[PDB]
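What follows draws every value from the coordinates through simple rules; no lab data is involved. Cβ atoms come from the backbone with ideal geometry, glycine included; neighbour counts cover every protein chain shown.
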Ligand code: HEM
Ligand SMILES: *[C@@H]1O[C@H](CO)[C@@H](O)[C@H](O)[C@H]1NC(C)=O
Ligand SMILES: *[C@@H]1O[C@H](CO)[C@@H](O)[C@H](O)[C@H]1NC(C)=O
Ligand SMILES: C=Cc1ccccc1
Ligand SMILES: [Mg+2]
């Protein structure tokens with residue numbers, strides 16, 4: 001009632017949030033034929049993401065459809081290596097090792113170990129992202145991260161803090177984030193409520209700046225701050 005696991009013909013993405021909105025039916029349950037109007041309405045209805053930001057994200061998602069100048073995408077188009085999907089994900093392995101779309105327990109265990117507290121703050125988020133970049137560079141001989149991939153990696157850590165939690169304190173309960181990644185269901189039962197205030201492109205930019213500012217390398221090894 002309100003949630004159903006993907007069945008045999010349903011397609012899913014490397015994005016835990018889109019997978020979640022498909023499992024709840026905010027997006028089409030089968031993960032196919034997502035248009036700009038469906039995107040605005042799903043992200044609006046479930047999370048209170050503003051239309052300007054939903055439109056921007058749809059822009060990128062549409063570039064993953066193999067058909068050129070496309071006006072829709074499917075969730076599985078998003079899995080195409082090095083368009084939006086990138087190495088050093090928090091809950092997925094690098095394509096080099098295996099399929100980069102499904103939840104990977106080994107990788108997620110690394111990420112969790114840097115959330116050292118019941119409340120995840122900007123510092124813990126920044127720290128987990130950084131260890132995934134460094135781990136992927138030293139274990140994956142085909143490791144790469146484009147300027148777009150770097151921007152998306154920083155944006156993705158800002159998102160789970162800002163959209164799932166309180167964007168003002170820039171904090172989110174650890175148990176809410178763990179539940180979303182592990183179940184691809186919204187943690188309503190743990191206290192998650194759709195926020196009253198819309199989440200905008202400038203909220204995303206600001207939190208991305210806080211992530212960058214909380215990185216303290218004596219010397220940056222590779223692409224750790226590109227936007
Ligand atoms: C149309 C909207 C969206 C698109 C097209 C999209 C696309 C993507 C893609 C392609 C990835 C994979 C990047 C990688 O290799 O790690 C991803 C990851 C992610 N997305 Fe989304 N996403 C969208 C909306 C959101 C929203 C609203 C959130 C809010 C919480 C979100 C949270 C995340 C997170 C946390 C990850 C990281 C997963 C991981 O690192 O393992 N996304 N998204
Ligand atoms: C991740 O941690 C769980 C729970 O602590 C542990 O039992 C499991 O073996 C770990 N998974 C991997 C593949 O490391
Ligand atoms: C991998 O690490 C080295 C630092 O030894 C750096 O030169 C390179 O840019 C890194 N690759 C990426 C994509 O960050
Ligand atoms: C890839 C997911 C994402 C989600 C929100 C903002 C930037 C990126
Ligand atoms: Mg990835």
GNM on the chain, Cα springs under 10 Å; top mean-square fluctuation among 182, 156, 142 goes to 142
Given a Förster distance of 35 Å, the FRET efficiency implied by the Cβ-Cβ spacing of residue 55 and residue 182, rounded to the nearest 0.05, works out to 0.70
Largest-first semi-axes in Å of the equivalent ellipsoid built from the Cα gyration tensor of segment 44-128 are 27, 20, 10
Inter-part gap, Cα centre of segment 131-155 to Cα centre of segment 10-75, in whole angstrom, is 24 Å
Residues of segment 177-192 with backbone N under 20 Å of the label point set 7 Å from the Cα of residue 102 along Cα→Cβ are 179-185
Among 136, 113, 54, the residue with the largest mean-square fluctuation in a Gaussian network model of the chain built from Cα contacts under 10 Å is 113
The equivalent-ellipsoid semi-axes of the chain, taken as the square roots of five times the Cα gyration tensor eigenvalues and listed largest first in whole Å, are 25, 21, 18
In terms of the alpha carbon gyration tensor, root eigenvalues a ≥ b ≥ c, rounded if a/c is under 1.5 and otherwise prolate when a/b exceeds b/c or oblate, segment 108-152 is oblate
